[PDB]
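Quick notes on the structure that follows.
We number each residue from 1, following the sequence as shown. Heavy-atom basis, side chains included; hydrogens, waters and symmetry copies ignored.
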Amino acid sequence: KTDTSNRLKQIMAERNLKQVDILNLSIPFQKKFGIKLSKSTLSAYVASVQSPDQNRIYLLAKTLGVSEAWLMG
């Protein structure tokens with residue numbers, strides 16, 4: 001499993017957030033930064049299928065209020 005997948009799952013556990021909740025929290029940041037994130041893409045990240053690019057790492061770090069550096073693994 002990728003660092004990022006693990007790190008996302010860690011955050012989910014710490015905060016009792018499901019993917020649907022993360023995606024919803026990301027929406028204002030998607031709009032703020034002009035960075036899109038789909039349900040399937042987020043699912044693929046959590047599943048360790050895909051690794052986020054620079055923009056989505058940034059988006060997710062702002063959404064979750066965590067360090068970009070940490071989320072990158």
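Here the straight-line distance linking atom OG1 of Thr4 with atom CG of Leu71 works out to 5.5 Å at 0.5 Å rounding. To the nearest 0.5 Å, the span separating CD on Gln54 from CD on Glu68 amounts to 7.0 Å. If you take NZ on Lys9 and CG on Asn6, they are separated by 7.0 Å, rounding to the nearest 0.5 Å. With values rounded to the nearest 0.5 angstrom, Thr63 atom OG1 is found 9.0 Å from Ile35 atom CD1. The line from CD of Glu14 to CD of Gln10 is 6.0 Å long, rounded to the nearest 0.5 Å.
For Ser5 (side chain) and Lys1 (main-chain N/O), no donor-acceptor pair under 3.5 Å exists by modelled atom type. Judged by distance alone, with hydrogens and angles left aside, the side-chain atoms of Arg15 form a donor-acceptor pair with the main-chain N or O of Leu64 at under 3.5 Å. Side-chain N or O atoms of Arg7 include one that pairs as donor or acceptor with a backbone N or O of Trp70 at under 3.5 Å. Side chain of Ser67 to backbone of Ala61: no donor-acceptor contact under 3.5 angstrom is found.
Atom CG of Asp53 has more than 12 neighbouring heavy atoms from other residues, nucleotides or ligands inside a 6.0 Å radius.
Under a hydrophobic clustering in which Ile, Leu, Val, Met, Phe, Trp and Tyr are joined whenever their side-chain heavy atoms come within less than 4.5 Å, directly or via other members, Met12 and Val49 fall into different clusters.
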Stepwise, does the side-chain contact (heavy atoms from CB on, under 4.5 Å) test hold for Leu60 with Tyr45? CA-CA 11 Å; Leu60 283 166; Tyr45 290 165; 4.0 Å; yes
Show me the donor-acceptor pairs within less than 3.5 Å that the side chains of residues 21-31 make with the rest of the protein, sequence neighbours left out.
from	atom 1	to	atom 2	distance (Å)
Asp21	OD2	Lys18	N	3.0
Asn24	ND2	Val20	O	3.3
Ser26	OG	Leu23	O	2.6
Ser26	OG	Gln30	NE2	2.8
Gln30	OE1	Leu37	N	3.0
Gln30	NE2	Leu37	O	3.3

